[PDB]
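Residues per chain are reported as follows:
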Amino acid sequence: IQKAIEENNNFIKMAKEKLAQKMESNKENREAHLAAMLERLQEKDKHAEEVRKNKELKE
Amino acid sequence: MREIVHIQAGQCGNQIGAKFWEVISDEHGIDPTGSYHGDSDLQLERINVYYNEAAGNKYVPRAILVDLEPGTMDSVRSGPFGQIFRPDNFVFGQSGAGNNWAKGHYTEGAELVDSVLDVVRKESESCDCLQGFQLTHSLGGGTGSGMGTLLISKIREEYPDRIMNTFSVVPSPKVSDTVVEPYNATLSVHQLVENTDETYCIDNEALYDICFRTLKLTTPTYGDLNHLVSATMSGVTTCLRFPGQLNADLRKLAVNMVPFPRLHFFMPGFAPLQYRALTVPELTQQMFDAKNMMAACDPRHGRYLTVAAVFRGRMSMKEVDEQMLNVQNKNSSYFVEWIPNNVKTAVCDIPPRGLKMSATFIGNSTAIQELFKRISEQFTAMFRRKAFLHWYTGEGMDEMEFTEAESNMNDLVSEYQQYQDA
Ligand SMILES: Nc1nc2c(ncn2[C@@H]2O[C@H](COP(=O)(O)OP(=O)(O)O)[C@@H](O)[C@H]2O)c(=O)[nH]1
Ligand SMILES: Nc1nc(NCc2ccc3c(c2)OCO3)cc(-c2cccc3[nH]ccc23)n1
Ligand SMILES: Nc1nc(NCc2ccc3c(c2)OCO3)cc(-c2cccc3[nH]ccc23)n1
Ligand SMILES: [Ca+2]
Ligand SMILES: [Mg+2]
């Protein structure tokens with residue numbers, strides 16, 4: 001009866017740790033994808049500023 | 001006062017138990033309310049073996065009713081004699097055992113076993129002189145098989161010098177509820193080998209073949225099988241339930257019937273299986289016929305260590321002796337030569353309901369190994385592939401325990417074979 005209790009608890013434990021690891025890893029990956037996209041858009045805003053300056057300093 | 005305590009566990013155990021109590025209550029003239037309305041003091045003369053005497057001059061079976069699910073005990077309470085049982089003797093859980101010996105023996109069953117033992121102790125405490133215990137159960141399910149053998153083990157531990165007797169319904173693929181029955185049966189036989197003094201092997205295969213072939217019943221129900229079981233059990237308890245020439249208790253019977261402690265598994269039979277009165281030659285020939293045996297085993301494939309024959313009805317004891325001697329003398333090779341006078345005969349004057357004459361047979365035969373071989377093969381066919389094992393290991397059992405149970409049963413078979421060739 002103790003072995004049975006232990007096996008049920010180990011199944012609960014391992015599923016809890018696997019789920020938590022997956023959800024954390026997923027959160028980190030999603031946030032990194034959005035941060036890379038935003039960083040590319042910020043590089044665009046930087047390039048648009050360098051364009052507007054080039055145009056100002058052409059005059 | 002030679003009291004017996006009766007225990008019935010699980011669905012099968014409780015249905016056949018109930019039939020047993022209705023049949024013997026009828027023989028003793030006890031109605032469903034527990035009142036005596038018979039015609040003869042012999043009916044009451046040894047009534048205390050199975051019945052307690054209550055205040056209302058009520059006779060109450062000395063019976064404990066056990067299951068891990070409620071269903072069957074509600075059906076008992078609604079059954080025809082259901083009011084005769086003591087309400088406090090109903091001990092039931094709620095979970096069920098799912099046809100799972102490990103649930104009966106180790107997890108679900110262990111939670112209930114103490115409360116069952118408390119009632120056993122309360123019944124024994126008021127016994128003038130407890131002779132011992134009889135249990136009705138099947139081996140193929142989970143509660144009767146797993147929890148029943150747990151109960152048997154605990155009773156042995158607390159009453160180690162008392163006789164423990166079971167009526168044990170052995171599974172067959174011909175009348176099967178689940179595929180796991182051979183596992184549950186193999187695990188249980190090992191327990192019986194260690195902790196009972198006498199086990200009546202009642203094979204649902206044989207009961208089916210009798211209902212179908214002999215009684216001509218095309219679709220036999222559990223009710224039809226249990227009618228045979230209850231009539232057999234009535235026969236086998238006759239010699240202690242009614243007045244007569246024998247001064248016996250379960251221990252003297254065991255000592256006379258069981259030559260080696262592990263070889264205590266008996267083939268029962270019944271005759272007759274119709275209005276034509278049966279002559280003593282006909283009762284005698286039929287009771288020894290394979291077709292009347294309830295543990296689908298051919299007795300011509302082994303040898304008899306011991307035999308008890310119980311005749312019921314008014315008949316010539318001279319004629320009984322002559323016919324019993326005839327069968328022994330003409331078939332001497334099937335009776336071991338190294339146990340002299342190994343066939344014993346009892347006569348009770350009181351016949352069962354409806355029949356005028358009947359015979360019940362109890363054989364301790366080495367041919368019973370065929371039954372265990374059957375089960376062992378079904379066990380191995382699954383266990384070599386570990387099929388359905390996860391049901392059991394999920395309740396904490398290891399594969400090792402199955403290997404040991406299989407080995408114990410092959411050893412039991414080898415022992416029966418040793419004495420059959422001797
Ligand atoms: N002869 C007979 N066998 C039964 C009866 N009920 C169930 N069985 C057999 O018992 C096995 C199932 O065990 P069961 O008693 O239902 O399991 P449990 O109640 O959990 O112990 C199967 O082999 C069935 O064929 C019955 O009333 N009579
Ligand atoms: N059923 C049953 N009976 C037994 N009888 C012996 C006995 C002697 C004197 C007594 C007594 C009982 O009771 C009080 O005085 C032994 C066993 C057994 C089975 C399997 C393995 C075992 N390892 C040790 C023992 C044992 N099993
Ligand atoms: N062993 C054995 N034999 C039996 N048959 C008759 C017999 C008569 C005279 C004998 C004899 C046997 O052996 C020596 O002389 C019945 C029983 C039994 C089992 C289980 C519960 C029981 N409640 C009452 C009885 C009984 N147990
Ligand atoms: Ca539980
Ligand atoms: Mg069942």
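- For this coordinate set, the PDB header names X-ray crystallography as the determination method and states a resolution of 2.75 Å.

1. Observations concerning the UniProt feature "binding site: Mg(2+)" in chain B
All names here are of chain B.
Then comes step 1: This chain's UniProt record puts "binding site: Mg(2+)" on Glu-69.
Then comes step 2: What makes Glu-69 partly exposed here is its relative accessible area of 34%.
Then comes step 3: The contact partners of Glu-69, leaving out residues within four places of it in the chain, are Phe-92, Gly-93 and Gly-96.

2. A few points about helix α12 (residues 317–330) of chain B
Then comes step 1: Between its terminal C-alpha atoms α12 of chain B stretches 20 Å, which fits the 20 Å expected from 14 residues at 1.5 Å a residue.
Then comes step 2: N-cap assignment for α12 of chain B: the residue whose side-chain oxygen lies 3.3 Å from the backbone N of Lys-318 of chain B is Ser-316 of chain B.

3. Brief notes about the pattern of salt bridges
All names here are of chain B.
Then comes step 1: Scanning the entire structure with this criterion turns up 20 salt bridges over all chains.
Then comes step 2: Residue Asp-197 is joined to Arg-156 by a salt bridge in which the shortest nitrogen-to-oxygen separation is 3.1 Å. One end of the pair, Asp-197, is in the loop between α7 (181–195) and β8 (198–203); the other, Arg-156, is in helix α6 (residues 143–158), and 41 residues separate them in sequence.
Then comes step 3: Here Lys-174 makes a salt bridge to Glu-205, at a shortest N to O gap of 3.8 Å. Linking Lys-174 in the loop between β7 (163–170) and α7 with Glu-205 in helix α8 (residues 204–214), this pair joins segments that are 31 residues apart in sequence.

4. Focus on the site of ligand 3
Residue and element names in this part refer to chain B.
Then comes step 1: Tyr-50, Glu-198, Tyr-200, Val-236 and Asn-256 are the nearest of the 19 residues found near ligand 3.
Then comes step 2: In this structure, a nitrogen atom belonging to ligand 3 sits 2.9 Å away from a side-chain N or O atom of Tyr-50.
Then comes step 3: Within the side chain of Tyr-200, an N or O atom sits 3.0 Å from a nitrogen atom of ligand 3.
Then comes step 4: Breaking the shell around ligand 3 down by element, the ones donating at least two residues are β8, α9 (222–241), α10 (250–257) and β10 (304–312).
Then comes step 5: When grouped by side-chain class, the residues that make up the shell around ligand 3 number 14 nonpolar, 4 polar and 1 charged.
Then comes step 6: Viewed by domain, the shell around ligand 3 spans two of them, domain 1 (1–259) and domain 2 (260–367), each represented by three or more residues.

5. Digging into the pairing of strand β11 (residues 343–348) of chain B
Residues and elements named next belong to chain B.
Then comes step 1: One ladder, built from 6 bridges, connects β10 with β11; its direction is parallel. Looking at the pairing, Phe-311 lines up with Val-347 of β11.
Then comes step 2: Taken together, β10, α12 and β11 form a β-α-β motif whose crossover is right-handed.

6. Digging into the side chain of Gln-420 of chain B
All names here are of chain B.
Then comes step 1: By the secondary structure assignment, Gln-420 is in helix α15 (residues 399–421).
Then comes step 2: By relative accessible area, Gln-420 is classed as buried at 16%.
Then comes step 3: Within the local environment of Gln-420, its side chain forms a polar contact with the backbone oxygen of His-301, the two atoms lying 2.8 Å apart.
Then comes step 4: Ignoring any residue separated from it by four or fewer positions in sequence, one finds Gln-420 in contact with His-301, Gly-302, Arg-303, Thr-366, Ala-367 and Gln-369.

7. Things to note about the pairing of β7 of chain B
Successive residues of a regular strand alternate their side chains across the two faces of the sheet.
Residue and element names in this part refer to chain B.
Then comes step 1: Across the 8 residues that make up β7, a large majority, 8, are buried.
Then comes step 2: Side chains of β7 alternate between two faces, with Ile-163, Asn-165, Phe-167 and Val-169 and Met-164, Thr-166, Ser-168 and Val-170 buried alike.
Then comes step 3: Bridge count for strand β6 (residues 132–138) against β7 is 7 bridges, and the pairing is parallel. Across the sheet, the residue bridging to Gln-134 is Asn-165, located in β7.
Then comes step 4: For the handedness criterion, the β-α-β arrangement of β6, α6 and β7 is classed as right-handed.
Then comes step 5: Where β7 and β8 come together, 6 bridges link them in parallel fashion. Paired with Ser-168 across the bridge in β8 is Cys-201.
Then comes step 6: Considered for its hand, the β-α-β crossover made up of β7, α7 and β8 is right-handed.

8. Re the domain arrangement of chain B
Residue and element names in this part refer to chain B.
Then comes step 1: Along its sequence, chain B is carved into domain 1 (1–259), domain 2 (260–367) and domain 3 (368–422).
Then comes step 2: Between domain 1 and domain 3, the C-alpha centre-to-centre distance is 25 Å.
Then comes step 3: The partner domain 3 presents 24 residues to the 24 residues of domain 1 that form the contact.
Then comes step 4: Summed over both partners, the interface of domain 1 with domain 3 comes to about 2,100 Å²; 72% of that surface belongs to carbon and sulfur atoms.
Then comes step 5: Interface area lost by domain 1 to domain 3 is led by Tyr-183, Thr-186 and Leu-187, which between them contribute 31%.
Then comes step 6: At the boundary of domain 1 with domain 3, the tally comes to 1 salt bridge.
Then comes step 7: A salt bridge links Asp-203 to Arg-374; the nearest nitrogen and oxygen atoms lie 2.6 Å apart.
Then comes step 8: Put simply, domain 1 and domain 3 have 8 residue pairs in polar contact between them.
Then comes step 9: Among the elements of the structure, α4 (101–105), α7 and β8 are those that each provide at least two residues to the side of domain 1 that touches domain 3.

The rules we used
Residues numbered from 1 in each chain as written, not as in the entry; some residues may be left out. Chains lettered and ligands numbered in written order. Part of a larger assembly, values for the part shown. Heavy atoms only, no water. Residues with missing side-chain atoms left out of burial classes, pairs and counts. UniProt positions renumbered as here; feature names shortened; annotations may be inferred. Buried < 20%, exposed > 50% of the residue type's maximum accessible area, 1.4 Å probe, protein only. Contact = heavy atoms within 4.5 Å. Helix = DSSP H or I, 4+ residues; strand = E, 2+ residues; numbered from the N terminus. Expected span 1.5 Å × (residues − 1). Polar contact = N/O pair within 3.5 Å; in protein donor to acceptor, adjacent residues only side chain to side chain. Salt bridge = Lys/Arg side-chain N within 4 Å of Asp/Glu carboxyl O. Near = heavy atom within 4 Å. Nonpolar A, V, L, I, M, F, W, Y, C, P; charged D, E, K, R; others polar. Domains from an automatic or database assignment. Pairing = 2+ DSSP bridges. Right-handed = clockwise from strand over helix to strand, strands pointing away. Buried area = accessible area lost by both parts, 1.4 Å probe.

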